[PDB]
Amino acid sequence: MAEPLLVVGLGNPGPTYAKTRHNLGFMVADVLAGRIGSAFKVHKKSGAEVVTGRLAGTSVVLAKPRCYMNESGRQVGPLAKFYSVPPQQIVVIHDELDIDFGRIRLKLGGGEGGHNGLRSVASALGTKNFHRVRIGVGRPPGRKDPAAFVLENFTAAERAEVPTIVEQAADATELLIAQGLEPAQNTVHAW
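Residues numbered from 1 in each chain as written, not as in the entry; some residues may be left out. Heavy atoms only, no water.

Per the deposited record, solution NMR is how this structure was determined.

In the nomenclature of the PDB entry, the protein corresponds to Peptidyl-tRNA hydrolase from the organism Mycobacterium smegmatis str. MC2 155. Quoted straight from UniProt, the Subcellular location entry for the protein says "Cytoplasm". For the protein, the Sequence similarities comment in UniProt is given as "Belongs to the PTH family." (UniProt positions renumbered as here; feature names shortened; annotations may be inferred.)

Written out as structure tokens, the structure is:
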């Protein structure tokens, strides 16, 4: 009827760290907005920025937070009620330390493996279990801090494959609308 897909990208506007391994969450949003050709406008209330469009046959709302990890969690809450969301589906792209760098892990709702945003957004609305997009960041480091390793975007092979995996990630996000969950994840893990 008129229910949109709520896409929250875990990627806050940070001058230098928006280009690092932790930009995965923001990548999908930026890419979708990029292919559609629209910029996200500031919602003068919570300080977040959202862009509107249509993916496949459903309204897509790409929402990114103002700043800070904790803030991002409660960013989704007042916004979903702000425009009054008809619950179609909520997609939240985030970092995943347990998954190999370059591939997508799809789980329903909240779970371990990520840091803050993915966990916070679940409690902000109270409704989860849809599509929580986990982009593998590689593996836990042996020397530097795990999060610091996500702050340094350098690798051997997969470091060059970023554009490829990001385009597919954003593209598969639309497939989650048109196809579903099971045949969709099958498509994602077939390559």
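From this point on, the discussion continues.
Okay, the UniProt feature "binding site: tRNA" in the protein next. What UniProt calls "binding site: tRNA" maps, in this numbering, to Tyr17, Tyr68, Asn70 and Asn116. Relative to the elements of secondary structure, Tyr68 occurs in the loop between strand 4 (58-64) and helix 2 (69-82). Within the fold, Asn70 resides in helix 2. (Helix = DSSP H or I, 4+ residues; strand = E, 2+ residues; numbered from the N terminus.)

Mapped onto this numbering, the UniProt entry annotates "active site" at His22. Locating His22 in the fold gives a position in the loop between strand 1 (4-9) and helix 1 (24-36). Setting aside chain neighbours within four positions, we find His22 in contact with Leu10, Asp95 and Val150. (Contact = heavy atoms within 4.5 Å.)

Glancing now at helix 2. Look at helix 2: 21 Å from first C-alpha to last across 14 residues, which is about the 20 Å you get at 1.5 Å a residue. Buried within helix 2 we find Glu71, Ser72, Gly73, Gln75, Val76, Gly77, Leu79 and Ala80. Looking at the buried side of helix 2, the elements it contacts are strand 1, strand 3 (49-55), strand 5 (89-96) and helix 3 (117-125). Looking one or two residues beyond helix 2, the residue adopting positive phi is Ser84, at roughly 65°. (Expected span 1.5 Å × (residues − 1). Buried < 20%, exposed > 50% of the residue type's maximum accessible area, 1.4 Å probe, protein only.)

Attention now goes to the environment of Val7. Along the chain, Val7 falls in strand 1. For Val7 and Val50, which are 43 residues apart along the polypeptide, the C-alpha to C-alpha distance reads 9.5 Å.

What follows concerns the packing of aromatic side chains. In this description, a pair of aromatic rings is defined by centroid distance and the angle of the planes. All chains considered together, the criterion is met by one aromatic pair. Ring centres of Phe26 and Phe40 lie 6.0 Å apart, and the angle between their planes is 75°; on these two criteria the pair is classed as edge-to-face. A residue pair is termed long-range when its members are at least 10 positions apart, and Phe26 in helix 1 and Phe40 in the loop between helix 1 and strand 2 (41-42) qualify at 14 residues. One residue, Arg21, lies across the ring of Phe149, its end atom 4.2 Å from the ring centre. Lying across the ring of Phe154, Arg159 places its NZ or CZ 6.0 Å from the centre. (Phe/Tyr/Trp six-rings, centres within 6.5 Å; stacked < 30°, edge-to-face > 60°. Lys NZ or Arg CZ within 6 Å of the ring centre and 35° of its normal.)

With that out of the way, let us pick up the sheet that holds strand 7 (residues 131-136). Read from one edge to the other, the open sheet built from seven strands follows the order 2-3-4-1-5-7-6, with strand pairing classed as mixed. The open sheet has two edge strands, strand 2 and strand 6 (104-107), and neither has a second partner. (Pairing = 2+ DSSP bridges.)

Turning next to helix 3. Taken together, the buried positions of helix 3 are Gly117, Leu118, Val121 and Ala122. For helix 3, the angular spread of the buried residues around the axis is 135°, confining them to a single face. With respect to the buried face of helix 3, the exposed residues turned more than 90 degrees away are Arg119 and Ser123. The inward-facing, buried residues of helix 3 contact helix 2 and strand 5. Positive backbone phi, approximately 95°, marks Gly126, located one or two places after helix 3. (Arc of directions from axis to C-beta.)

You can see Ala33 is positioned in helix 1. Here the alpha-carbon distance between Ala33 and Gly53, two residues 20 residues apart in the chain, equals 8.2 Å. Excluding its chain neighbours within four sequence positions, the residues that come into contact with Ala33 are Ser38, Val51 and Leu62.

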